[PDB]
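Peer 1: What follows is a structure written as structure tokens; I'll ask about it next.
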Amino acid sequence: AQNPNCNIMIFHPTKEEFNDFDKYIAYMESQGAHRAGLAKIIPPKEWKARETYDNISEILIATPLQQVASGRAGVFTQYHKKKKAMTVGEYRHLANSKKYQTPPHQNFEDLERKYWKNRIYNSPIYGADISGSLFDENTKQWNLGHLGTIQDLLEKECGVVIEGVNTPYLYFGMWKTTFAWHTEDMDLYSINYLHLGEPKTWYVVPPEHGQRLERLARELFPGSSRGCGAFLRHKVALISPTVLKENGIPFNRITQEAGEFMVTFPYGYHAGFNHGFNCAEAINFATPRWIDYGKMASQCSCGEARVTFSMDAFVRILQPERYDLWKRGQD
Ligand SMILES: O=C(O)CNC(=O)C(=O)O
Ligand SMILES: [Mg+2]
Ligand code: NI
Ligand SMILES: [Zn+2]
């Protein structure tokens, strides 16, 4: 069995190996990468996502989200307070302001310590979930706006044609902006490219141990657990590495820098934070190996998790028994 300790693997494809996306994902899996829940891919030195980032300031963040925390330093929830629209240039200035900028620090480890110690006492503003792409149309390799669609994968594997589309999303971050513990919708893969700016630290639980994290979360968030049998689909709960270690939950951590891809694997719980002003692009995708995960994925039917149009068909086809109840949640 490859990678039995479920370590995060880092890959360095050549330009020739970067041509065929599906084939490279399958290669990484042949070496055990999926067992970690997360892999890093460093693109060949010849590759570029686009020529420059010099002309992005006029992108609109229509609904910036202020991430307000409740709880204790290592065990907290966050809610998102909607703010007035602003451009990327306005948001960058805000991120660099004395109120929001990254503090002086020695290295990534010192910054991580400061994040866990102090996150809850601040409310950073995240430009998350913005439909669009920063890949140049002429970039042919690993262009997240040109991937094979999940609808087409389901059709190829299962023979059923379904409605829906699959497009990327931009994330503009600042110091302390946070992504809560989650897996993807329908336990899909995700891929994330850090286009520019400061790093993003990730934490991940191996898929084979995801239920250990769920059981801890039910203990630590007992009212939420009573409210919903899949409340981590709400994407609001944070648990620190110190707390995970105290409770024996297996996990790993890694920092992504500008110019690097991360891939999350089906049912790989992940969480993390941004170090300062940055811009990432991400999309979900599927492979043949995902189908069995999609069939078994938990679902939120309490009404909180509220998701895309395209998830309807996945539930309807892969989880027909759950369909009725899940759709009541969506309506
Ligand atoms: O970058 C973020 O805020 C969150 N990204 C992801 O969870 C992902 O790419 O799967
Ligand atoms: Mg612009
Ligand atoms: Ni994710
Ligand atoms: Zn719910």
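If you're wondering about the labels, chains in the structure tokens are A, B, ... by order shown, residues count from 1 in each chain, ligands from 1 in order shown.
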Quick one: residues within 9 Å of region 320-331 of chain A, only C-alpha atoms, excluding same-chain residues fewer than 5 positions away - as a VMD selection string?

Peer 2: chain A and resid 299 to 307 312 315

Peer 1: As number ranges by chain, please: every residue in region 134-295 of chain A that a backbone DSSP assignment puts in strand (DSSP E or B).

Peer 2: A: 169-173, 178-182, 189-197, 200-205, 237-239, 252-256, 261-264, 269-274, 278-285

Peer 1: Keeping only C-alpha atoms, write those residues as a tab-separated table (two decimals), in the first residue's frame.

Peer 2:
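As a result, part.tsv now contains:
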chain	number	residue	atom	x	y	z
A	169	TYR	CA	-14.33	30.67	-8.20
A	170	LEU	CA	-11.90	33.39	-7.06
A	171	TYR	CA	-10.95	34.03	-3.46
A	172	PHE	CA	-9.33	37.28	-2.38
A	173	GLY	CA	-7.88	36.89	1.15
A	178	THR	CA	-10.21	31.43	7.41
A	179	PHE	CA	-11.72	28.37	5.74
A	180	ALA	CA	-13.54	26.16	8.21
A	181	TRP	CA	-13.30	22.34	8.44
A	182	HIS	CA	-15.12	20.75	5.49
A	189	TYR	CA	-12.11	16.69	-5.42
A	190	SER	CA	-11.02	20.28	-5.44
A	191	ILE	CA	-8.08	22.03	-7.06
A	192	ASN	CA	-6.80	25.38	-5.88
A	193	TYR	CA	-4.21	27.63	-7.55
A	194	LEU	CA	-2.65	30.47	-5.54
A	195	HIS	CA	-2.30	33.17	-8.27
A	196	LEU	CA	-0.60	35.85	-6.24
A	197	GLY	CA	0.34	37.27	-2.91
A	200	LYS	CA	-2.21	29.93	2.55
A	201	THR	CA	-1.73	27.31	5.33
A	202	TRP	CA	-3.74	24.11	5.09
A	203	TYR	CA	-4.64	21.42	7.57
A	204	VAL	CA	-6.03	18.04	6.40
A	205	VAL	CA	-7.40	14.77	7.85
A	237	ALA	CA	-16.38	25.21	12.66
A	238	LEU	CA	-12.67	25.56	13.50
A	239	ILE	CA	-10.55	23.24	15.63
A	252	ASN	CA	-1.14	16.99	8.49
A	253	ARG	CA	-0.33	20.55	7.64
A	254	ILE	CA	1.37	22.35	4.73
A	255	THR	CA	1.80	25.93	3.46
A	256	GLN	CA	0.95	26.77	-0.19
A	261	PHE	CA	-1.51	24.07	-6.88
A	262	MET	CA	-3.19	22.10	-4.17
A	263	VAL	CA	-5.52	19.17	-4.78
A	264	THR	CA	-7.95	17.95	-2.16
A	269	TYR	CA	-11.46	17.25	5.50
A	270	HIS	CA	-9.52	20.47	5.28
A	271	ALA	CA	-9.28	23.92	6.97
A	272	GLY	CA	-6.84	26.76	6.90
A	273	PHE	CA	-5.97	30.46	6.80
A	274	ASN	CA	-4.35	33.15	4.67
A	278	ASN	CA	-3.69	36.95	-1.78
A	279	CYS	CA	-5.82	35.65	-4.65
A	280	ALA	CA	-6.66	32.00	-5.22
A	281	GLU	CA	-8.81	30.25	-7.83
A	282	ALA	CA	-10.50	26.90	-7.19
A	283	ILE	CA	-12.96	24.45	-8.75
A	284	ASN	CA	-14.40	21.06	-8.02
A	285	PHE	CA	-13.73	18.07	-10.24

Peer 1: Nearest residue to residue 15 (chain A) out of A:116, A:45, A:243, A:130, using only C-alpha atoms?

Peer 2: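 Among A:116, A:45, A:243, A:130, it is A:45 that comes nearest to residue 15 (chain A).
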
Peer 1: For ligand 3, which of A:63, A:123, A:183, A:31 is the closest residue, counting only C-alpha atoms and all ligand atoms?

Peer 2: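 The answer is A:183, which sits nearest to ligand 3.
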
Peer 1: From the options A:89, A:168, A:32, A:127, which residue's atoms come nearest to ligand 2, counting only C-alpha atoms and all ligand atoms?

Peer 2: A:89

Peer 1: Using only C-alpha atoms, determine which residues lie at most 8 Å from residue 18 (chain A), disregarding the query and same-chain residues fewer than 5 positions distant; provide the list as a PyMOL selection string.

Peer 2: chain A and resi 13+24+43-44+141-142

Peer 1: Going by DSSP on the backbone, which bits of region 91-288 of chain A are alpha helix (DSSP H)? Write them as number ranges by chain, please.

Peer 2: A: 91-95, 108-118, 150-158, 210-220, 222-227, 241-246

Peer 1: Can you work out which one of A:70, A:19, A:122, A:87 has the shortest atom-to-atom distance to ligand 2, counting only C-alpha atoms and all ligand atoms?

Peer 2: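 Nearest to ligand 2: A:87.
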
Peer 1: Need the shell around residue 246 (chain A): protein/DNA/RNA residues with any atom at most 12 Å away, counting only C-alpha atoms. Skip same-chain ones fewer than 6 positions apart. Format as an MDAnalysis selection string?

Peer 2: chainID A and resid 74 216 239:240

Peer 1: Using only C-alpha atoms and all ligand atoms, determine which residues fall within 6 Å of ligand 2, then list them as a ChimeraX atom specification.

Peer 2: /A:55-59

Peer 1: Mind giving me the straight-line distance from CA of residue 54 (chain A) to CA of residue 135 (chain A) in Å, one decimal?

Peer 2: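 Atom-to-atom, CA of residue 54 (chain A) to CA of residue 135 (chain A), that is 13.5 Å.
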
Peer 1: Which value, in Å to one decimal, gives the distance between CA of residue 78 (chain A) and atom 6 (C, counted along the ligand's line) of ligand 1?

Peer 2: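 Distance reported for this atom pair: 15.9 Å.
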
Peer 1: Considering only C-alpha atoms, state which residue in the set A:134, A:36, A:154, A:244 is at the smallest distance from residue 6 (chain A).

Peer 2: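 Closest to residue 6 (chain A), using only C-alpha atoms: A:36.
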
Peer 1: Could you state the separation of CA of residue 228 (chain A) and atom 1 (Zn, counted along the ligand's line) of ligand 4 in Å, given to one decimal place?

Peer 2: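 Taking CA of residue 228 (chain A) as the start and atom 1 (Zn, counted along the ligand's line) of ligand 4 as the end point, the length is 4.5 Å.
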
Peer 1: Within 8 Å of residue 62 (chain A), counting only C-alpha atoms, which residues show up once you throw out same-chain ones fewer than 5 positions away? Write them as a PyMOL selection string, please.

Peer 2: chain A and resi 84-86

Peer 1: Just the residues within 8 Å of residue 310 (chain A), please, counting only C-alpha atoms, with nothing from its chain fewer than 6 positions along; format it as an NGL selection string.

Peer 2: :A and (163-166)

Peer 1: In terms of the shortest atom-to-atom distance over only C-alpha atoms and all ligand atoms, which of A:126, A:21, A:231, A:27 is closest to ligand 4?

Peer 2: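 Smallest separation from ligand 4 among the options: A:231.
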